[PDB]
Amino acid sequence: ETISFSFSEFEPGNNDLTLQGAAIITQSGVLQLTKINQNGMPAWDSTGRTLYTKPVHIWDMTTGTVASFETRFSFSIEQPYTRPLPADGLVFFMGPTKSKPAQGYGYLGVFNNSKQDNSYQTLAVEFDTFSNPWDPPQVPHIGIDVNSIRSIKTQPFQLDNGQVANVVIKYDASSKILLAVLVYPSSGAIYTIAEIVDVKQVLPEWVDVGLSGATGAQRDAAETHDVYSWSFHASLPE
C-alpha cells in the first residue's frame, strides 16, 4: 500500500492541502505558515499549519506490518528584529487524523503543554528557534519529538538568516531509525540527527501529515516560517 505527493510549489486553492490558523499560500506560491504583516515584517503571536488532505496508512494491527516513509521540504526562517529573541520555530508532524491546531509558542501548534503524554500519538521533527525551559540551551536546534515537545534527541544548527534550507526526513521501519538532515545550499552546511522510534507504539494506524509554525508570546519575538516545496512518500508492506 503506497501513497505520495509532491509540491514543487504551492498555489492558492490546491484542494489537497488544508490550511489552518494563520497559514496562507501567496500568489507567488509560498506557504507562509505564520503571519507576515503588511509591512513585510513577521507578526508575533501567530500560529499556522497545513495538513495533507489524504490520511496515510502507517501500520496495521492485523498484519503487524509497518510502513517506511520519507518527506522533503524547503523552508526559510528570517529573524529580522534586533530584539527581543526570535521565536518559536516550525515543524513536520504526523499524528491523529482530523487534527486541529494545538497550542502555539513553544508548543509549535502541535502540542498542548510540555507533558509526556502517549495520548498525543504524535511523531514530529522540529526546527526550534527559541530555548524554552524544556529545551537544550542551544538554538536553533533540530529535534525528534515523540508524544512530547520534550525531544528525545536534539541537534544544534546555525541559522543562515533568511536563506532556504532543504530538509530530508526518512523512517526505515525495519531498523526503526528516524533520520533527518538539513542542508543550506547557500553555505553548504549540513546537519544531521537520528534516533530509534517504534511508530507501532506511537502513531495510530492511520495518520495525517503536516507542517506547522509559530511565532512568540511577546511583541517582536517573531520570525518568518516560509515553505517553498513539500513531498512525501510512504509504503506499507503487505
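Take the two forms, superpose them, and find the largest set of C-alpha atoms that agree within 1.5 Å; that set is the rigid core. The numbering used is simple: start at 1 and walk along the sequence shown.
Trainee: For a rigid core alignment of each structure in 4 other deposited structures of this protein onto the shown form, which stretch has the higher root mean square Cα deviation: 125-133 or 75-83?
Mentor: Evaluated in 4 other deposited structures of this protein, the stretch farther from the shown form is 75-83.
Trainee: Regarding 201-209 and 41-49, which shows the higher C-alpha temperature factor on average in the entry?
Mentor: Comparing 201-209 with 41-49, the higher mean C-alpha B-factor belongs to 201-209.
Trainee: Mean C-alpha B-factor higher for 81-89, or for 96-104?
Mentor: According to the entry, 96-104 carries the higher average C-alpha B-factor.
Trainee: In terms of recorded Cα temperature factor, pick the maximum from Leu182, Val66, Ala194, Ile36.
Mentor: Highest CA B-factor of the listed options: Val66.
Trainee: If I read the C-alpha B-factors straight from the PDB entry, which of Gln218, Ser229, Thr18, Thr215 is highest?
Mentor: In the PDB entry, the greatest C-alpha B-factor among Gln218, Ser229, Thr18, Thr215 is found at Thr18.
Trainee: Within this chain's modelled residues, let me know which third the CA B factor of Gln121 belongs to: lowest, middle or highest.
Mentor: For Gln121, whose C-alpha B-factor we compare with every modelled residue in the chain, the answer is the middle third.
Trainee: Relative to the other modelled residues in the chain, which third contains the C-alpha temperature factor of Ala173: lowest, middle or highest?
Mentor: For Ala173, the deposited C-alpha B-factor lands in the highest third.
Trainee: In terms of the chain's CA B-factor thirds, is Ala189 lowest, middle or highest?
Mentor: Its C-alpha B-factor, which the entry lists for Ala189, ranks in the lowest third among residues of this chain.
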